[PDB]
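Heads up, the chain below is alone and in the form deposited in one PDB entry; it's given as structure tokens.
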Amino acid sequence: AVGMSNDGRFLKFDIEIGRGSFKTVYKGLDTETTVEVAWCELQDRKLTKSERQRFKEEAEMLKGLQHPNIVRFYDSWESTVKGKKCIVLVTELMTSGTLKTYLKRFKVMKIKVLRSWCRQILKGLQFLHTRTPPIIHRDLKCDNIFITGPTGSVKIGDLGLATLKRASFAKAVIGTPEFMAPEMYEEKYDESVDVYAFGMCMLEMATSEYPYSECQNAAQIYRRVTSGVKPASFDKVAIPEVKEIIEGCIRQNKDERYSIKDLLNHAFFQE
């Protein structure tokens, strides 16, 4: 035990359970409920004062959200220990990994699982996009879709964090180069950014590889994405119906992409 909220409600344990894009995640406890939570520290790095204003507001709206396919958000605050400042978020603890870990671990996803899990992602997104006002995820990826069990349901996570992962910022060329929706680079986005991201997720789940692996850096990716050049893995999608859905999601022009409604209504997404 290595920390607590200002109110003593949440404790942090000396048990690190994730480490990633500028965060460390620990096991924790809700002392009020006596139920285990994820204690995420957004790592000694500076948020802007403007981001903090947006974040105070966001955190309060996230605390209200419930849906089967969204990871629960409990509470948030700024915390320090020694010379390190972080923002803490406390969320529902997800103990069975991510779609990314699933693909790593079990090389392939069977089509009936793909269908069900993708329908659940769409239901989650429909839910967010239909909140008033709409919630746009803006950072959906296989590593932020959590599974409740190997045989369980999927829940979308890292709501909130997407605000602090900064599309229009200059960034280092380090690790695996990333893509996003064309319009996202300019921060000129709507819900359809999530549709694009969904398409990319489906592609990954269908191919068991990260799109654009044939690119060495994010500049090559940017040039391909904003010029309508598809990832090579697109051509490797085995099932034509799956490939068709992907293709309609990852259109360069946002106005031509499937809507979530149309995807949920697609033949594929009823059994």
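Each residue number is its position in the shown sequence, starting from 1. C-alpha atoms forming the largest set that superposes within 1.5 Å between two forms make up the rigid core.
As for the form deposited in another entry, it is not shown, yet the points below apply to it.
Checklist entry - Among 221, 242, 47, 29, which is the residue that shifts its C-alpha 2 Å or more between this form and the one not shown, core superposed? => result C-alpha shift of at least 2 Å: 47.
Next on the checklist: Please state whether residue 88 has a C-alpha shift of 2 Å or more between this form and the one not shown, with the rigid core used for the fit.
Outcome noted: Not so; residue 88 is displaced by less than 2 Å.
Checklist entry - Is the C-alpha displacement of residue 168 equal to or greater than 2 Å between this form and the one not shown once the rigid core has been superposed? => result Shift at residue 168: 2 Å or more after core fit.
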